[PDB]
Each structure stands twice: as structure tokens, then as C-alpha cells.
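Source file start39.txt; content: compact mmCIF, C-alpha atoms.
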# COMPACT_ATOMS: atom_id res chain seq x y z
CA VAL F 765 10.42 -9.10 -27.88
CA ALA F 766 7.16 -7.88 -26.36
CA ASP F 767 5.84 -8.03 -22.79
CA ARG F 768 8.69 -9.15 -20.59
CA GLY F 769 10.34 -7.25 -17.77
CA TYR F 770 12.64 -7.12 -14.77
CA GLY F 771 11.36 -7.74 -11.27
CA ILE F 772 12.38 -7.88 -7.61
CA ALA F 773 12.16 -11.36 -6.10
CA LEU F 774 11.39 -12.53 -2.57
CA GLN F 775 11.23 -15.73 -0.54
CA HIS F 776 8.26 -17.87 -1.52
CA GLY F 777 4.99 -16.78 0.07
CA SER F 778 6.67 -13.89 1.90
CA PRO F 779 3.90 -11.41 2.78
CA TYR F 780 5.78 -8.21 1.89
CA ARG F 781 5.31 -8.82 -1.87
CA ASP F 782 2.27 -6.51 -2.07
CA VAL F 783 3.78 -3.46 -0.32
CA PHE F 784 6.54 -3.30 -2.93
CA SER F 785 4.12 -3.99 -5.78
CA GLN F 786 1.90 -1.08 -4.73
CA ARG F 787 4.80 1.30 -4.05
CA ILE F 788 6.26 0.66 -7.52
CA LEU F 789 3.04 1.94 -9.09
CA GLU F 790 3.21 5.17 -7.07
CA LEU F 791 6.83 5.58 -8.18
CA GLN F 792 5.87 5.09 -11.83
CA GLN F 793 2.68 7.19 -11.91
CA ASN F 794 3.85 10.43 -10.23
CA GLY F 795 6.79 10.82 -12.60
CA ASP F 796 9.94 9.81 -10.73
CA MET F 797 10.92 6.42 -12.19
CA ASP F 798 11.85 8.24 -15.42
CA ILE F 799 14.53 10.51 -13.94
CA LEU F 800 16.35 7.43 -12.63
CA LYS F 801 16.43 5.90 -16.11
CA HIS F 802 17.34 9.14 -17.88
CA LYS F 803 20.25 9.39 -15.43
CA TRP F 804 21.91 6.08 -16.41
CA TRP F 805 20.43 5.99 -19.95
CA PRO F 806 19.91 9.48 -21.49
CA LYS F 807 20.20 7.75 -24.92
CA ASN F 808 23.34 9.78 -25.84
CA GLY F 809 25.59 7.56 -28.01
CA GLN F 810 28.04 10.29 -29.18
CA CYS F 811 29.62 7.81 -31.62
CA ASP F 812 27.29 5.72 -33.79
CA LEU F 813 27.04 2.09 -32.66
CA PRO G 421 -40.75 31.45 17.73
CA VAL G 422 -44.19 32.87 18.58
CA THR G 423 -45.50 32.98 15.00
CA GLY G 424 -42.71 31.57 12.80
CA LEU G 425 -41.35 33.03 9.58
CA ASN G 426 -42.12 36.54 8.34
CA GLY G 427 -41.15 37.01 4.71
CA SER G 428 -37.99 34.91 4.59
CA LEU G 429 -34.86 34.67 6.71
CA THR G 430 -32.66 34.85 3.59
CA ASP G 431 -32.52 34.36 -0.12
CA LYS G 432 -32.46 30.68 -1.00
CA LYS G 433 -29.37 28.84 -2.26
CA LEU G 434 -25.74 29.96 -2.62
CA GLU G 435 -23.92 27.15 -4.47
CA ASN G 436 -21.55 28.33 -7.18
CA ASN G 437 -22.35 26.93 -10.62
CA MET G 438 -20.00 24.16 -11.85
CA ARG G 439 -17.41 25.31 -9.32
CA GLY G 440 -15.56 23.25 -6.75
CA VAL G 441 -15.16 20.40 -9.25
CA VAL G 442 -11.90 18.45 -9.10
CA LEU G 443 -10.91 16.03 -11.86
CA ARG G 444 -8.25 13.33 -12.12
CA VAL G 445 -6.69 13.38 -15.59
CA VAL G 446 -4.41 10.90 -17.35
CA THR G 447 -1.84 11.65 -20.03
CA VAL G 448 1.11 10.39 -22.07
CA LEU G 449 4.22 12.52 -22.54
CA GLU G 450 4.13 13.14 -26.30
CA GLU G 451 5.86 16.23 -27.69
CA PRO G 452 4.87 19.02 -28.13
CA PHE G 453 1.40 18.17 -26.81
CA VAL G 454 2.52 17.56 -23.20
CA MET G 455 6.00 18.51 -21.96
CA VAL G 456 7.44 18.32 -18.44
CA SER G 457 8.61 21.81 -17.51
CA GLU G 458 9.92 21.92 -13.94
CA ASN G 459 11.72 18.68 -13.07
CA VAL G 460 12.15 18.13 -9.32
CA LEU G 461 12.24 14.80 -7.51
CA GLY G 462 10.07 15.39 -4.44
CA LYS G 463 7.54 18.07 -5.33
CA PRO G 464 5.09 17.47 -8.21
CA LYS G 465 6.21 18.56 -11.67
CA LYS G 466 4.76 21.25 -13.94
CA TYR G 467 3.38 20.65 -17.44
CA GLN G 468 3.41 22.89 -20.54
CA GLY G 469 1.99 22.09 -23.95

Go ahead and express the file in the form of C-alpha cells.
Amino acid sequence: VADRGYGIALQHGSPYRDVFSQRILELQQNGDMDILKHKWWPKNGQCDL
Amino acid sequence: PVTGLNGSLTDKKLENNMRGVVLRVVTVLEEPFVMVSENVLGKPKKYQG
């Protein structure tokens, strides 16, 4: 299924929404949001499932 | 200051050709074209390919 994702949620109209939504881009761009995923999911299914 | 310039004060112009340029470049991590060499969290990572 294309173009859906997970997201942090906040109280309606809460102003802090944009600070997170900018910071997430800096985390993705640089190259640090990949280490966190390769830590919990290094795609290493020893046995075939 | 009495009579102004005699000959010239200096040669004209010392700006280095093409130099001092900085470019922002975008990429996608496809092997072997662009591989992440050094992997550290804080400091920026190195690229080999």
C-alpha cells in the first residue's frame, strides 16, 4: 500500500507542531534516522519466514 | 595627494578563477555508486563510491 506513514500526534491546534515537523526533516536529511531503523530492523531473518 | 596616481598603485584584480565556489549536492544511497563509509551519529559521515 503506497503513501501512508506513522506520525506523532498532539493536542488540537497546539503550536509546537511545526518545531517537531522541521526537526524531523533535519534528522532524516543528515543521515541519522537510518541508523535507528537498522538497529531494530537490520533485515536479518536467519530462518526463512 | 598633490598630483594623484603615477603609473599604478598595483596590478589590477586578484580573484581566483572558479575558486571559492561551494555547492549543495543531493544523492540517493545506491550501491556501489554511493556508499556510506564512516558511520558516526554526531559528526557528518563520509562517502565513497

Proximity of chain G to chain F: per-residue shortest pair, 12 Å limit, only C-alpha atoms, as a Markdown table:
| residue | atom | partner | partner_atom | distance |
| --- | --- | --- | --- | --- |
| G:445 | CA | F:793 | CA | 11.8 |
| G:446 | CA | F:793 | CA | 9.7 |
| G:447 | CA | F:793 | CA | 10.3 |
| G:448 | CA | F:793 | CA | 10.8 |
| G:449 | CA | F:795 | CA | 10.4 |
| G:456 | CA | F:795 | CA | 9.5 |
| G:458 | CA | F:795 | CA | 11.6 |
| G:459 | CA | F:799 | CA | 8.7 |
| G:460 | CA | F:796 | CA | 8.7 |
| G:461 | CA | F:796 | CA | 6.4 |
| G:462 | CA | F:796 | CA | 8.4 |
| G:463 | CA | F:794 | CA | 9.8 |
| G:464 | CA | F:794 | CA | 7.4 |
| G:465 | CA | F:795 | CA | 7.8 |
| G:466 | CA | F:795 | CA | 10.7 |
| G:467 | CA | F:795 | CA | 11.5 |

For stretch 435-448 of chain G, I'd like the enclosing box, axis-aligned and padded by 6 Å on every side, reported as lines of an AutoDock Vina configuration file with centre and edge lengths in Å to one decimal.
center_x = -11.4
center_y = 19.4
center_z = -13.3
size_x = 37.0
size_y = 29.9
size_z = 29.6

Check your understanding: Any idea what the distance is between atom CA of residue F:783 and atom CA of residue F:798?
Key ->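 Atom CA of residue F:798 lies 20.7 Å from atom CA of residue F:783.
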
Review point. Suppose you want the space between atom CA of residue F:771 and atom CA of residue F:790; what is it in Å?
Key: 15.8 Å

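Of note, atom CA of residue G:457 and atom CA of residue G:441 are spaced 25.2 Å apart.
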